[PDB]
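Colleague: I would like to see how this sequence folds:
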Amino acid sequence: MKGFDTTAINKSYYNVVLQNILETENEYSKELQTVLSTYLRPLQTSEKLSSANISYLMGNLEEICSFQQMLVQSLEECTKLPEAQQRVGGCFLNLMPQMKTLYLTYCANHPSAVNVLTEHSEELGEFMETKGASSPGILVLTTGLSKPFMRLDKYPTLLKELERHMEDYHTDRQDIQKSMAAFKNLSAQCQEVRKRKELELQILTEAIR
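Modeller: Residues are numbered from 1 along each chain as shown. Okay, here it is:
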């Protein structure tokens, strides 16, 4: 976007928000791009984690691959250039349906995740190389894939100023309601999922010894 308008910038929050977000999502896409072409390229084809295993590792990361690429290249690519009437929500709203699946599962499958690793440190730790993988064996996944899930707390930022443009109220913002209500509902459910029917303890009557 060397010249998406050529307008003399100054006090423009727009160019400041889309920029800041870069630093974050960048390192997010940067982490995936690395491990991906680094040691994931092989398994990327669902080699050992073809069926079943999908729900665990691949099903999440394997999908985020195309996601992390469109993630920014989807909306930012248009906003940068003459946005005219861009909308982070309208777009994210299309990628959410799939994200909601990878997000909810990961949070609930996380516990098992760490297990598969130390349990597959030798089998998975072997395929990774096939030349010269990183240093933290194949477990690099969890570790390097624990931060990227933190940038979700900043998403609402763009949905706030990038969607409002100029405050507004008569309309336009009306979309932010569903936008913030979705991306947010993701994290709001994770905390409720664990307790989901666990805190009720009314009809439950396990036969624990």
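
Colleague: got the buried residues for stretch 117-134?
Modeller: 117, 120, 124, 125, 128, 133 (16 or more other CB atoms under 10 Å). C-betas here are computed from N, CA, C, even on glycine.

Colleague: what lies in contact with that stretch?
Modeller: When contacts are defined by CB atoms under 8 Å, 6 or more residues apart in numbering, stretch 117-134 is touched by residues 35, 38-39, 42-43, 47-48, 137-142.

Colleague: which among the buried residues of stretch 117-134 gets closest to residue 190?
Modeller: Each of the buried residues of stretch 117-134 was checked against residue 190 using CB to CB; the closest is residue 117, at 21.3 Å.

Colleague: not counting its neighbours along the chain, what's nearest the most centrally placed residue in the chain?
Modeller: With distances taken as CA atoms, centre = their mean, residue 149 lies nearest the centre of the chain, 6.0 Å away. Computed as CB to CB, 6 or more residues apart in numbering, the closest residue to residue 149 that is not its neighbour in sequence is residue 106, at 7.2 Å.

Colleague: show the contacting residues for that neighbour.
Modeller: For residue 106, counting by CB under 8 Å, 6+ apart, the contacting residues are 60, 113, 149.

Colleague: at 10 Å what do you get?
Modeller: When the contact criterion is CB atoms under 10 Å, 6 or more residues apart in numbering, the partners of residue 106 are 56, 57, 59, 60, 61, 64, 113, 145, 149, 190.

Colleague: closest one of the buried residues of stretch 117-134 to residue 176?
Modeller: Nearest to residue 176 among the buried residues of stretch 117-134, counting by CB to CB, is residue 117 at 38.9 Å.

Colleague: and the closest one, how far is that from residue 124?
Modeller: The gap separating residue 117 from residue 124 is 7 Å, by CB to CB, to the nearest Å.

Colleague: which helices and strands sit right next to the helix or strand that contains residue 190?
Modeller: In this structure, residue 190 is located in helix 174-195 according to DSSP states H and E. If contacts are counted by 3 or more CB pairs under 10 Å, 6 or more residues apart in numbering; DSSP states H and E, helix 174-195 sits against helix 88-120, helix 155-157, helix 163-164.

Colleague: between those, which one is nearest to residue 197?
Modeller: helix 88-120 (13.4 Å).

Colleague: so which bits of the closest one are buried?
Modeller: Within helix 88-120, the residues that qualify as buried are 88-89, 91-92, 96, 99, 102-103, 106-107, 109, 113, 116-117, 120, counting by 16+ other CB under 10 Å.
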